[PDB]
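Data block below; observations after.
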Amino acid sequence: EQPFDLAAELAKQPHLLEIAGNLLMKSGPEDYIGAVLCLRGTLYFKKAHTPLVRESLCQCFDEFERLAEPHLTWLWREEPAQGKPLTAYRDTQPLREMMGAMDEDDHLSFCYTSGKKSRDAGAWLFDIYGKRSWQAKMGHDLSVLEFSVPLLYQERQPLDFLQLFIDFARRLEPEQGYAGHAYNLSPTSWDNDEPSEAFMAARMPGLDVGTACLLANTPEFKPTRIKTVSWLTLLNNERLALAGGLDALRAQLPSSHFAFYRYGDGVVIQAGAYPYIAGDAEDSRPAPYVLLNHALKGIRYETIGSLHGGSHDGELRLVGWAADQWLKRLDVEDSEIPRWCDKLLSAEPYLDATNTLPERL
Amino acid sequence: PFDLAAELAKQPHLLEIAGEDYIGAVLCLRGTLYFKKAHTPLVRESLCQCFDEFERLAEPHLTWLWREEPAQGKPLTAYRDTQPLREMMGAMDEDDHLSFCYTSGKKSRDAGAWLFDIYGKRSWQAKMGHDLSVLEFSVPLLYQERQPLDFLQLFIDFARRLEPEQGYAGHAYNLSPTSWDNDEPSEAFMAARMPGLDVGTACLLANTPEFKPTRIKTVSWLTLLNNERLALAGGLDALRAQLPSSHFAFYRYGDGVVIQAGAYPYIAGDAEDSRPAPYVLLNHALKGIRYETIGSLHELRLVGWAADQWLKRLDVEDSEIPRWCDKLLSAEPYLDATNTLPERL
């Protein structure tokens, strides 16, 4: 009596906004929120073990918390030296106070969520995963900041998340990054819920998939390359040069629909007037992402390993060959680019003062 | 739908998916038969005998006849005004494509729960190796509940006449007869939550390169194996010894067998596991003759990869089969004269 309304919803639109925990399993849904569609940004950066970067991370959180304070509910920390792995947001110490108890050899682990239950996925997120000084010196030097706001918040305040992403890039000088639609999964039960993400990924080419903090220091991530484009795409100056330089990119990305934000030592590219889940009735790939992916696929990772854990009892998981194929989901033939340029101009809203920051080039 | 009528009382459109408004899909009991020689006069008469039999049940409910580019008449015809099927077919030759889709949808583009659909390959297509035609037919779920032997009788009778290669019957969504390329299957959801449902459009699968092996796409409530497939699965004796006669019935015809898995068709299992116990046991017995790939069913390669995954949705670990059999024997209704044909082996 319960699968039918979901079968009807899935047949007519690509996405699900909220997904019950363990839904894409044979044992079936459980009494928690396993996944929530939101607007998420992911930044891979270095020197998280240093005081200046930690202070900048705290300034990032101050900026985020001004928006998110009414909604945050839980702080998760991995094996903290003081306190508990799980703390109610009301009971937490200021982030600057917790960082002040740490030195360069401590691991940064802070995940603020907005789920009603601590097990629930929530649409507000601020997640720091910071490598220890000795880990960075032994070669595992890449840290991750991920943060998100709800889709409804984005529609009501269309410049707020974008301003955060640029402000954070400016302070952290990241190696690479992206922002757009993604599912936040349950902080504790995500293994139940990766199949929901995998099912959605096949339907929504604009969706980011996977866990950046697990990807960050794999051998597959060593090349000077990027995982994906999305609504926002961040390239440090080295990746920008490998992509042909800023002049060569602006020649391929019409300024009617693409904006460029030069922060210090890199650029953020905005692909379209808003983030895109999918395309149209003819093609599920978003036209602005297709054009940007075409310009940047020369610097895309050939493989990043598996995006998900292994399958237990027949459930869907983006592993091995399927993960490699996911990386290529936006690729088109060179000969089809003019048609995609035409689709951009005829069907997609233009950039204006309501959906870009004034500091765009 | 523990109590389907009770569920429809609270959600009248529970079995429908909306499609300028039309019914895009309706859940029903559908049989699919893949057979050869549709271009020959002997088989064409057999198809007309099949429709004669279907029409005795469906005549009050059929509304439309769809035909793709007919040499005589129009693509759409009101059912009340159609010619006899034999006379339309009499106007056709070896090399004409058989295309007849009778539906019960209220509007012409509405999916209907009653269906009789012929897709017959041309003689020259058959000679080039694209020789597999499809007959699909369906009745509403509520009709099956009140007349539980009628669809089953049709499926066996049609199998006898057509001597199919392979086939299956059970729950499926009938789609709109003209807007049949606008809604995503959602194969991974079906595999997880409604694993008893068939998924796909048989006439598009029949002559793909993926279908050429001597294999089957799926088990369902009814599963049809020609004798070649039966032998590859280890033979009928061993199947009957492995599958409890309390819950599995076997119907023989001149060229193969139809297996009935359970007292009625199953959408899903129970609260603990969505896989229906009778289908789990039969899938385990037959997975050695299942297609390994099918292509996509009803976009990047991830949608086709999902379709290959859907083929395995009933698989369980071998160590669990004894527990599944105990669950079948203790929890599931058994077969008797109320839900099987008397001709069962």
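Every chain in the structure tokens has a letter given in the order shown (A, B, ...), and although residue numbers restart at 1 in each chain, ligands are simply numbered from 1 in the order shown.
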
query: Residues of chain B within 6 Å of chain A, using only C-alpha atoms, as a PyMOL selection string?
result: chain B and resi 1+17+183-184+192+272-274+300+302-303

Alpha helix (DSSP H) positions in stretch 89-306 of chain A, given as an MDAnalysis selection string: chainID A and resid 95:100 133:138 151:156 160:172 190:203 212:215 237:242 246:250 287:296

- request: State, in Å with one decimal place, the distance from atom CA of residue B:39 to atom CA of residue B:211.
  value: 19.8 Å

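Note that atom CA of residue A:38 and atom CA of residue A:121 are 10.4 Å apart.
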
field: Those in stretch 47-276 of chain B with strand (DSSP E or B) from DSSP, as a PyMOL selection string
entry: chain B and resi 64-66+76-78+98-103+115-120+132-139+166-175+198+216+222-226+248-253+256-261
